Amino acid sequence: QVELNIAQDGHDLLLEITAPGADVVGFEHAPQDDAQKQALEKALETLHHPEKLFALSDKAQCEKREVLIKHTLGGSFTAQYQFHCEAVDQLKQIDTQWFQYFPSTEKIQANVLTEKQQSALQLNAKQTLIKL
């Protein structure tokens, strides 16, 4: 149900993650109080920082090009990140911190496409590694 898609095509790396609102902020309704409003703002703030969620090796020299965040109010969040990496061969793996910022997420269904090489894996808070 949290779904992460990763596609690497030359220097272009696309990461896209779709998550129900309960997986992101803890609730799917409109904030009821200041705590919930701050939780939503903090969550949206983190989603605009893909480098906190999906650390790319500095040796890959990945530049952020586009960030798209959609919130549909069940409610869900989609974050779509586009990087251009100068040294994409230096991108060996990603260690996601998704669960550190969004501990309500139990598991991620991940799909990885590196050129034409397709693989899937299920991540959890203790198994956050993705091979690229």
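Position 1 is the first residue in the sequence shown; the rest follow in order.
Coordinates are absent for 10 or more residues of the deposited sequence placed between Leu73 and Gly74. For the pair 94-102 and 78-86, the record assigns the higher mean C-alpha temperature factor to 78-86. Here 52-60 and 32-40 are compared by their mean Cα B-factor, and 52-60 comes out higher. Of the candidates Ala125, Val2, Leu129, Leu132, the deposited coordinates give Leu132 the top C-alpha B factor.
Sorting the modelled residues of the chain by their CA temperature factor places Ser119 in the middle third.
Among all modelled residues in this chain, the alpha-carbon of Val24 has a temperature factor (C-alpha) in the middle third.
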